[PDB]
Amino acid sequence: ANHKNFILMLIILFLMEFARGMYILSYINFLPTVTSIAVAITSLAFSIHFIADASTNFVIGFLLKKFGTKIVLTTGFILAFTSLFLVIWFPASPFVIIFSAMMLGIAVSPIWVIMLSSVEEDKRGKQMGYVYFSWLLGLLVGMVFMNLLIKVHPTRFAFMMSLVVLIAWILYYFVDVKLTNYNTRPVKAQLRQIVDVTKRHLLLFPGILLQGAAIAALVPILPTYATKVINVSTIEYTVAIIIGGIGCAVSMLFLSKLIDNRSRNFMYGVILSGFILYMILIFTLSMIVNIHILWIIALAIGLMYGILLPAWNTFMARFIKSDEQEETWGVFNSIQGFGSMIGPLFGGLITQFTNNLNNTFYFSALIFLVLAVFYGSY
């Protein structure tokens, strides 16, 4: 019932991203202010959350490829709900904080790979658009929600993101599973062999890890760039930065709906075209700016994001080898998240000399992109 279950999974994913209004963007970020928890420990639980996801991705792809289907989503539901249940009773203990971020980081991965390894039809210029839109939506709306909760009381309302996973799991029980565990007679001779043959295959690993290293290398450093955006004005400054965020978000909001409205035949040209386009816009970004220049450049950078991510995913799927999709996707997500963590870690060390070297580092990433795009299109 794949279209009825593409809906269900679309909601389940969204609801699971709502649980990143807990142990990542909002609730972890708040602990030091109200408690004696270290200003750094929340910064560590954040990353041990993301290394947990990025690491667990590729192994879980196989762990569903033959070992199971319904239970691996069920075990993820259990460990996520229980690790979030740890905070509702033990809020300020640092160990529960760093642990549940590790565990909530595990559970999201199976839902992600089963989400993009199955319910999309590979005529999925819209599907991954709906998936990525719902992902961004649940992620940001959860964080805003938990901001609204701490402003009532900080740590009290921790059952709420603890129970969103409960409704997402109850909703999951209505989904027919998106693969069959059947009988895994080749328990290991195929398991290990596929983890080997897929690892050994570089299905454009330079594409994926560098894509993660580029997308994430600027977001932490961008708010410090707000100081250099323009001479501050009483009404035309920070509110203008808010408008730059607004017109950029609408871009990705625009690209929930019309990504398969513009995804037919060869995608190879639009990928490189978006690459050079955000090259030009990053060159136009920090270097020269006016107050309204950011708004159109933000709308353009968001259109590039919301058109590139689904189109890069559909491009991979159009040239991934198939009948191993449960893990063929998990390895991609592992490398993509590991690049997404190495990105900010590399931009912040490249900025040890000057903050403007981050954008020229992105320009060099684009120049190597010009080298590697010639290989994927002939």
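- What the entry reports as its method is X-ray crystallography, with 3.3010 Å given for the resolution.

**Some remarks on the pattern of salt bridges**
Here is step 1: One pass over the structure, following the stated rule, counts five salt bridges.
Here is step 2: Measuring nitrogen to oxygen at the nearest pair gives 2.5 Å for the salt bridge that ties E17 to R20.
Here is step 3: Residue class for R20 comes out buried when judged on its relative accessible area of 7%.
Here is step 4: For the salt bridge of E121 with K123, the shortest nitrogen-to-oxygen distance reads 3.9 Å.
Here is step 5: Note on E121: relative accessible area 43%, which makes it partly exposed.
Here is step 6: On the accessibility criterion, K123 (56% relative accessible area) is exposed.

**Description of the packing of aromatic side chains**
Here is step 1: One pass over the full model with this rule turns up 21 aromatic pairs.
Here is step 2: Between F77 and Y172 the ring centres are 5.2 Å apart and the planes differ by 40°, which places this aromatic pair in the tilted class. Within this pair, whereas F77 is found in helix α4 (residues 70–89), its partner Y172 is found in helix α7 (residues 158–173), the two being separated by 95 residues in sequence.
Here is step 3: Judged by relative accessible area, which is 3%, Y172 ranks as buried.
Here is step 4: Ring centres of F81 and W169 lie 6.5 Å apart, and the angle between their planes is 55°; this geometry places the pair in the tilted category. Separated by 88 residues along the polypeptide, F81 in helix α4 and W169 in helix α7 bring together distant segments of the chain.
Here is step 5: Classification of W169 by relative accessible area gives partly exposed; the value is 26%.
Here is step 6: An aromatic cluster of at least three residues, connected via ring pairs, comprises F77, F81, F85, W169 and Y172.

Conventions we followed
Residues numbered from 1 in each chain as written, not as in the entry; some residues may be left out. Heavy atoms only, no water. Salt bridge = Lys/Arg side-chain N within 4 Å of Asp/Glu carboxyl O. Buried < 20%, exposed > 50% of the residue type's maximum accessible area, 1.4 Å probe, protein only. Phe/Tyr/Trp six-rings, centres within 6.5 Å; stacked < 30°, edge-to-face > 60°. Helix = DSSP H or I, 4+ residues; strand = E, 2+ residues; numbered from the N terminus.

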